[PDB]
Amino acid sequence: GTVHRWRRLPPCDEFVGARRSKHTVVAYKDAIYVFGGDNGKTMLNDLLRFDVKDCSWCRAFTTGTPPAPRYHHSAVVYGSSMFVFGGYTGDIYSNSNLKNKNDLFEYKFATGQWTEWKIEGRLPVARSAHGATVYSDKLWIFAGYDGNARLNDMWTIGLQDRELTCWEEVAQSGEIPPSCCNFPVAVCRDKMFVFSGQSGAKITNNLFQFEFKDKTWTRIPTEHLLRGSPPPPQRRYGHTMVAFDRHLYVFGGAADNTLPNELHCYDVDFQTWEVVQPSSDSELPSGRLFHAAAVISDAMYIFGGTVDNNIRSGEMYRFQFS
């Protein structure tokens, strides 16, 4: 409704789905789809649907074997299908059977079919907390944690025909971001953007762009000091980032043992940051991390995340874009 209005939508009921973190949300038609995560007691592999226009929750209908319960996985939408890759699997309650994954599952929205894409040939290393996106009919995987060290390689796989597709490692050039995990990925125009994220000793508030066509990374410098422009957001991990119009919107995460709740906006065309001011009647959300975000039409949607003191949330907040 109102521009720059933080609207608090009905949260997910407990009999529908458990309040969770480290999950994935993906937009299709005019509905938010939630898969996986951690409720605090066990890992999850259910599927929830939040009709944006109806403002109603629902357990999605799924046939076939779903992916093993997981969190820190990735989820993207290609055509009329959701593609889940990677993540952590195991048993939290007993700390057993714990292992990363490099499998690829497709969920046909139309029929509710869970299909595993059993890819032959060499695979990318099983990993979690990686970045993922879809561009030029291929699923792009980047960085993450494999179980022994943080990663910074990049792999692609065609999503057109599963029978003929295979994994391809990308020969990246340019200023590759250091080994990073728990970072957001948002595509804008013909470029992929990554901001901050947990990269160990090299954690910064740097912004990296990836041009798909030349497979080159570029660290966008900030002249905010010289031109009196707003400084970039504080370094953080477990935050979301979406792209709308010609702007990136960063929210949430844990910034130096703190959970800020400011909404930061990046003008990709004017290489400047901003702190968006919400409306007077805004229902501001609390500082959270390991939540997930998606964009439907001119609106951003936030779901879940650990609010504080390891309390899992199931709140649905909606921000209206200018």
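Each residue number is its position in the shown sequence, starting from 1.
For the pair 221-229 and 109-117, the record assigns the higher mean C-alpha temperature factor to 221-229. The mean Cα B-factor in the deposited entry runs higher for 157-165 than for the other of 157-165 and 73-81. In the PDB entry, a CA B factor belonging to the middle third of its chain's modelled residues is recorded for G17. In the deposited entry, the Cα temperature factor of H291 sits in the bottom third of values across the chain's modelled residues. In this PDB entry, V25 carries a Cα temperature factor that places it within the lowest third of its chain's modelled residues. Among the modelled residues of its chain, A31 has a C-alpha B-factor that falls in the middle third according to the deposited record. Per the deposited record, the Cα B-factor of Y93 falls in the highest third when ranked against the other modelled residues of its chain.
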